[PDB]
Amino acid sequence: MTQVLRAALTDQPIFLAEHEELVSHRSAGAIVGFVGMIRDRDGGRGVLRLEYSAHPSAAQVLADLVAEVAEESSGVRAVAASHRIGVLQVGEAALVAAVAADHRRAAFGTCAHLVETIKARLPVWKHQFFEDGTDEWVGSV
């Protein structure tokens, strides 16, 4: 029933608009999109760039997570997500998700949940580079 239009892991730029368009469904009345972007600051330090690496399994794991969230949903027509990896500039999208639902609540809930599921359970890591020359591995500080 609930459809997965994307669950992509990629080194190419990613776009909310493309995911909105993907999940459009005739029966949907609500679409909710998420974009995770690299902030300019983190813990007071100005950021220079982020590098995302992925476990060789992450592509399959992503696909499985989006499938899982979709299957367990209700009120939801379609979902789509992409996670970008490699070198990202300040201000670029790392993660994009969109959910089409008949009504608002499902869409807001399912998108928030899809985003949370990926952050928690996808084996990718981010290396944060700062302008003061330092660099930090998130979650292993």
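Counting begins at 1, following the sequence as shown.
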(message) So, looking at the entry's B-factor column for Cα atoms, which has the higher mean, 41-49 or 87-95?
(response) 41-49
(request) Comparing against every modelled residue in the chain, figure out the third that the C-alpha B-factor of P123 lands in (lowest, middle or highest). (result) middle
(request) Sorting the chain's modelled residues by C-alpha B-factor, tell me whether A81 ends up in the lowest, middle or highest third. (result) middle
(message) Please place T110 in the lowest, middle or highest third of its chain according to the CA B-factor in the PDB entry.
(response) lowest
(message) When the deposited Cα B-factors of this chain's modelled residues are ordered and cut into thirds, is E20 in the lowest, the middle or the highest one?
(response) middle
(message) Where does the C-alpha B-factor of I31 rank in its chain, lowest, middle or highest third?
(response) lowest
